[PDB]
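S.K.: got an experimental structure here, sequence first:
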Amino acid sequence: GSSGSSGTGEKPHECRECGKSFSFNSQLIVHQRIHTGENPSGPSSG
Ligand SMILES: [Zn+2]
């Protein structure tokens with residue numbers, strides 16, 4: 001089972017959804033499609 005750790009890396013594009021980081025925008029965009037794309041466990045409030 002996956003684990004949890006701190007300090008992943010600083011990138012010019014962070015995912016306010018989960019907290020991920022992508023050196024490039026195009027990337028963060030393809031990832032965010034996972035939050036709005038489906039209906040996970042409470043993605044966001046507003
Ligand atoms: Zn995310």
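M.R.: Yep, that arrived. Residues are numbered from 1 along each chain as shown.

S.K.: got the residue ranges for the helices in this protein?
M.R.: 25-32 (DSSP state H).

S.K.: residue numbers of it in contact with the ion?
M.R.: Proximity of the chain to the ion, by CB under 5 Å from the ion, involves residues 15, 17, 18, 20. No exception for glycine: its C-beta is placed from N, CA and C like everyone else's.

S.K.: any buried residues in stretch 34-46, and which?
M.R.: The neighbour-count check on stretch 34-46 (16 or more other CB atoms under 10 Å) flags nothing as buried.

S.K.: end to end on that stretch, go ahead and measure it.
M.R.: 17 Å (CA to CA, to the nearest Å).

S.K.: got it, and stretch 34-41?
M.R.: End residues of stretch 34-41 are separated by 12 Å (CA to CA).

S.K.: cool, stretch 37-46 as well?
M.R.: 16 Å.

S.K.: can you check stretch 29-41 too?
M.R.: 20 Å.

S.K.: need the contact partners of it.
M.R.: For stretch 29-41, the surrounding residues in contact (CB atoms under 8 Å, 6 or more residues apart in numbering) are 15, 17, 18, 20, 22, 43, 44.

S.K.: buried subset of the residues you listed?
M.R.: 15, 20, 22.

S.K.: put together CSV for those residues, with distance to residue 8 on each row.
M.R.: Compiled in CSV, the buried ones among the contacts of stretch 29-41 are given as follows (distance: CB to CB, whole Å):
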residue, distance to residue 8
15, 11
20, 8
22, 11
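
S.K.: what is the nearest of those residues to the ion?
M.R.: Closest approach between those and the ion, by CB to the ion: residue 15, at 3.3 Å.
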